[PDB]
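[1] Need coordinates for the below:
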Amino acid sequence: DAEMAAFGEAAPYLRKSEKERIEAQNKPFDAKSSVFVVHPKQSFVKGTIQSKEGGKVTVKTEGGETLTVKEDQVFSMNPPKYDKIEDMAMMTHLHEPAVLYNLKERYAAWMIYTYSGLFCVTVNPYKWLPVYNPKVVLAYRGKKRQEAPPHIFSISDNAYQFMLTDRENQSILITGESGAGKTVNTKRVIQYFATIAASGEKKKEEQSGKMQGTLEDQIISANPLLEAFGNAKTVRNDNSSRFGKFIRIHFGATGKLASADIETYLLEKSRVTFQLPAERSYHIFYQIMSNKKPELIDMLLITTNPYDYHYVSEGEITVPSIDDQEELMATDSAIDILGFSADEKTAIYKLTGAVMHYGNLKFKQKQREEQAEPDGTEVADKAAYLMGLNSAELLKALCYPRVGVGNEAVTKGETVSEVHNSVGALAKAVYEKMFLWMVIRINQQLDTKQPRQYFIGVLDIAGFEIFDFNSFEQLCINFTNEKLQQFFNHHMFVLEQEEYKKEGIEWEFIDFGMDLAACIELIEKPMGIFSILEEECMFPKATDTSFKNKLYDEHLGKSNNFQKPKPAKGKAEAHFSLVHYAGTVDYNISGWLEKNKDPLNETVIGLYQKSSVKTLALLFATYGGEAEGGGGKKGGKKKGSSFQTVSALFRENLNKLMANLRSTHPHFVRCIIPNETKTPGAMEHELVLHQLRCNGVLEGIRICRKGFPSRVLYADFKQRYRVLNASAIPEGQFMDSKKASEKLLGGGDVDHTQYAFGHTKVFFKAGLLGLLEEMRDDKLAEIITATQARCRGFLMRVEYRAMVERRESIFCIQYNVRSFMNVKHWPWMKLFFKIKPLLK
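    Numbering: from 1, shown residues only. Sure, structure below:
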């Protein structure tokens, strides 16, 4: 309360009033009866234990329901002291339910940031909050996470701190499902950096501030370009990230901004050509056809009605929450700031329209032949011109692909179905490349000469998602995540072990990563999936089926993580399941071989390679330089620098990444999505539960509980408990952020066993906290019983003072009455009586 001011307005969403707290922690609780329990419809609901069937349990509900469930379908419930705990990992009850429940409660109260160990859980508000508030930004500035409530800037500032304090590089790993809202955070983190450590001095003035011509802006402006090209309306989000990313903010020596570095991973090439019914393609398209810059429409040779471009109107065209017109400029302007040449800025556009046109390219069967022949030179003409090509040459190459099988170049004929498909392949190919280029070009501007001493990496990618249908793309992502996870499990193992070393506890344990090495080797190692995948890609006459068998003959029965599918449930077909940390994933191998080969009509590429549109020409260069290497039929593309695998890079990139991640001090952020239905203050259970498993959150709790469940971070320990031996615990906490907590525990009639200290935090038992209380319980009987007595004593002591006072007033009353009883019958007295009145 006193503290909170900085936020003030945000406060309510960060922390609760000091009595709201008090009124919550200090309330009646019946441990032995209060519990969490399994539940067929709702995941886990709370209840009170009624009876006990010797190994069965009957419980009442909170809604009113009675169920008799197993002994282990029943889970304890944390004392009220742990209501809306900033760090669930401090709880003395490391369960599945208690975690769900904590998140949930502090959300219904509008607190989106709750920590779960090292993580920084974040829940989608689905509404607006004063959190990103320009006051907060400062507030979180220079504060350990124990000096302030759960928030992202905490993570983000600490990184910075740590950055300069330890002279190590840092990282932030943001991860969640499609609708969790990571971009948002990522972006928000980024602003944070830019703000708290900028100072271009000259660039700071209110004169076209943030326009092209400064980075802090470039840095920023970056997003809105990428977003136009790599973002789209998903059925979950309205601006979903259809690719992954890694930015390196290169801080200087002083501590002020110096450089940036983007890298893109796994772009959703398919949107470019397809789209689900409730979705839509990349924004750009819709941006452009919006008509805010009419020249563009005529320049590209298109219309404003998307239904003229099959590729981009298979799903939806308009989204109410998006103003395509505004963005177009945003985008536009960003390009400029980004330093692109008008020409390039022209290529981009012109190139983005060609692609639309391609999808309009039509063909027909030559008569009496099964060959494809152009169905007109209306569109080709446009596509051709827009790309700096020749209509004819183009349609030929497309129709009569001139190949090179043997030591020559053999002209091959294609079918209608073959063309339509090849076209689509280029459309996608071109878009991609371009996108890649843009990134590079961005990076190029984001390159300064100033020295760099450290960087802070911000990684945004997807998390392990399980679908009834898991294809190639899923493997690639899952694999990424299963790696990331191990990356954590280790950091934690390293971390943990420091405490027990700092404190002096005697705990031995094996790396927690190790548990996952099994799965990883199976994928990335030499005779593993990828290899078998990338080898077969070399066999001119291999089949998905072929590949499949090779997969089995070699891993089946011999490998544990390897399994043959469970074809039924919500799944669509059979091929192979894997046993990832999050669970079993059923993978379908169909298209892999192809997808992995990235087959492109080289004749056409040829044309690109010699376009009048330099940029287009450029994008293709690297294909043109490896052809030397795969001159004759069969063989290896790599000889000339051409990719041999769809997967060959992914790995290379994923390695270059996980390596960059190592020379880093990992900082974790887990983004969460409350309800599919888009409702603030709400949460489906099992939906959040899921995420938690695949997040790593539930695994961090596990590893925690091995043991000493709840683990308190030192500052987070000071603040909350200083008050207990106030003088001696405050001194300890202030005098040494760590040494303090140490010193504090000096007092209390508590089990000095149940805990254990270490380099970053204390370890605590539960049933420990349970133990504590008990001791405490006895200690009040003492305190109370004694305080009762005096009272009791004293109580009667006042009775004597009254009894005594009364002493005579009674007598007076006593005797006085008696008189009358005697008198009232006496002549003389009756006389006096009748007579008493006549007097005066």
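
[2] Let me see the contact set for the nearest residue to residue 290 once chain neighbours are set aside.
    Distance criterion Cβ to Cβ, 6 or more residues apart in numbering; nearest residue to residue 290, sequence neighbours excluded, is residue 324 at 3.8 Å. C-beta: built from backbone N, CA, C; applies to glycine. Counting by Cβ atoms under 8 Å, 6 or more residues apart in numbering, residue 324 makes contact with 283, 286, 287, 289, 290, 292, 318.

[3] Please repeat the previous calculation with a cut-off of 10 Å.
    228, 283-292, 317-318 (Cβ atoms under 10 Å, 6 or more residues apart in numbering).

[4] I only care about those that end up buried; give me the ChimeraX line for that.
    A single ChimeraX command is used to select the members of those judged buried by 16 or more other Cβ atoms under 10 Å:
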select :228,283,284,285,286,287,288,289,290,292,317
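
[5] next helix or strand past the helix or strand encompassing residue 606?
    Assessed by DSSP states H and E, residue 606 sits inside helix 602-609. Note on helix 602-609: by DSSP H and E, the next helix or strand toward the C-terminus is helix 614-626.

[6] Just the buried positions in that next one, please.
    For helix 614-626, by 16+ other Cβ under 10 Å, it's 615, 616, 617, 618, 619, 620, 623, 624, 626.

[7] from these, which is closest to residue 244?
    residue 619 (20.8 Å; Cβ to Cβ).

[8] What sits closest to the closest one if chain neighbours are left out?
    residue 433 (4.3 Å).

[9] picking that back up, can you name every helix or strand that the helix holding residue 606 contacts?
    helix 379-387, helix 391-399, helix 416-445, helix 614-626 (3 or more Cβ pairs under 10 Å, 6 or more residues apart in numbering; DSSP states H and E).

[10] List every C-alpha atom in the following helix or strand past the third one, with coordinates, as PDB.
    Same thing as helix 416-445. For helix 416-445, the succeeding helix or strand toward the C-terminus, using DSSP H and E, is strand 454-462. C-alpha atoms of strand 454-462 as PDB (Å, rounded to 0.1, in the frame of the first residue of the first chain):
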ATOM      1  CA  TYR A 454      26.700  -8.300 -24.600                       C
ATOM      2  CA  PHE A 455      23.300  -9.000 -26.000                       C
ATOM      3  CA  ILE A 456      19.900 -10.000 -24.800                       C
ATOM      4  CA  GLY A 457      18.100 -12.600 -26.800                       C
ATOM      5  CA  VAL A 458      14.400 -12.600 -27.100                       C
ATOM      6  CA  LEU A 459      13.100 -15.800 -28.500                       C
ATOM      7  CA  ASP A 460       9.500 -16.200 -29.700                       C
ATOM      8  CA  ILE A 461       8.400 -19.500 -31.100                       C
ATOM      9  CA  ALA A 462       5.600 -22.000 -30.600                       C
END
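
[11] and strand 454-462, how far from the chain's centre?
    Chain-centre distance of strand 454-462: 13 Å, with Cα atoms, centre = their mean, to the nearest Å.

[12] Any buried residues in that strand, and which?
    Those would be 454, 455, 456, 457, 458, 459, 460, 461, 462, for strand 454-462 by 16+ other Cβ under 10 Å.

[13] Please apply the same query to stretch 724-734.
    725, 728, 729, 730, 731, 732, 733.

[14] Tell me which of these fall in helices.
    Judged by DSSP state H, those include 728, 729, 730, 731, 732, 733 as members of helices.

[15] Output the buried residues of stretch 724-734 in JSON lines; the columns should cover distance to residue 55.
    What follows is these, written out as JSON lines (distance: Cβ to Cβ, whole Å):
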{"residue": "725", "distance to residue 55": "43"}
{"residue": "728", "distance to residue 55": "47"}
{"residue": "729", "distance to residue 55": "44"}
{"residue": "730", "distance to residue 55": "48"}
{"residue": "731", "distance to residue 55": "50"}
{"residue": "732", "distance to residue 55": "46"}
{"residue": "733", "distance to residue 55": "46"}
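
[16] nearest to residue 699, of those?
    Nearest member of those to residue 699, counting by Cβ to Cβ, is residue 733, at 30.7 Å.

[17] who's in contact with stretch 520-529?
    475-476, 478-479, 482-483, 485-486, 513, 530-533, 535, 547, 550-551, 554-555, 558-562, 576, 578-580, 587, 589, 647, 651, 654-655.

[18] wait, what's in contact with residue 123?
    Counted by Cβ under 10 Å, 6+ apart, residue 123 has contacts 103-104, 106-107, 110-114, 176, 180-181, 671-674, 680-681, 683, 688.

[19] mind listing which of the residues you listed are in strands?
    Judged by DSSP state E, the contacts of residue 123 include 113, 114, 176, 671, 672 as members of strands.

[20] that older thread, any idea which of the contacts of residue 324 is closest to residue 662?
    Of the contacts of residue 324, the one sitting nearest to residue 662 (Cβ to Cβ) turns out to be residue 228, at 33.2 Å.

[21] name the helices or strands packed onto the helix or strand in which the closest one is found?
    Using DSSP H and E, residue 228 sits within helix 223-230. Contact analysis of helix 223-230 by 3+ Cβ pairs under 10 Å, 6+ apart lists helix 182-196, strand 240-241, strand 244-251, helix 283-288, helix 324-337, helix 342-358, helix 416-445 as its packing neighbours.

[22] Could you rerun that using 7 Å?
    The helices and strands touching helix 223-230, judged by 3 or more Cβ pairs under 7 Å, 6 or more residues apart in numbering; DSSP states H and E, are helix 283-288, helix 324-337, helix 416-445.

[23] want to try CSV for these, with distance to residue 232 as columns?
    Below are the helices and strands packed on helix 223-230 laid out as CSV (distance: least, Cβ to Cβ, whole Å):
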stretch, distance to residue 232
helix 283-288, 6
helix 324-337, 12
helix 416-445, 13
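
[24] Buried deepest among those, which one?
    Mean neighbours per residue, mean count of other Cβ atoms under 10 Å, is largest over these for helix 283-288, with a mean of 25.

[25] Can I take it that residue 762 is in a helix?
    No: secondary structure of residue 762 (DSSP: H, G, I helix; E, B strand; the rest coil): strand, not part of a helix.

[26] can you start the count at 11 instead of 1 from here on
    Taking 11 as the first residue, the last one we looked at is residue 772.

[27] Give the buried residues for stretch 406-422.
    In stretch 406-422, counting by 16+ other Cβ under 10 Å, buried: 406, 407, 408, 409, 410, 411, 414.

[28] for stretch 371-381, same thing?
    371, 373, 381.

[29] neighbouring contacts of that stretch?
    382-386, 389-390, 393, 423, 425-426, 429-430, 433 (Cβ atoms under 7 Å, 6 or more residues apart in numbering).

[30] Check stretch 705-723 too.
    For stretch 705-723, using Cβ under 7 Å, 6+ apart, the contacting residues are 97, 99-102, 104, 106, 109, 126-129, 131, 155-156, 473, 495, 498-499, 502, 522, 591, 680, 702, 766, 770-776.

[31] and those, which of them are in strands?
    Filtering the contacts of stretch 705-723 for strands - DSSP E - leaves 131, 680, 766, 771, 772, 773, 774.

[32] Greatest separation within those residues: which pair is it?
    680 and 766 (26.4 Å).

[33] Could you check which of these two is surrounded by more residues?
    More neighbours surround residue 680 than the other of residue 680 and residue 766, with 25 against 21 (other Cβ atoms under 10 Å).

[34] Report the contact partners of that one.
    129, 130, 131, 132, 185, 186, 705, 706, 707.

[35] Which of these has the largest number of neighbours?
    Counting by other Cβ under 10 Å, top hit in these: residue 706 with 31 neighbours.

[36] and the gap between that residue and residue 714?
    Using Cβ to Cβ, to the nearest Å, residue 706 is found at 12 Å from residue 714.

[37] Next, the closest residue to residue 59 other than its chain neighbours: phi, psi?
    Nearest non-adjacent residue to residue 59, counting by Cβ to Cβ, 6+ apart: residue 43, 4.8 Å away. The phi/psi pair for residue 43 (degrees, to the nearest 10) reads phi -120, psi -40.
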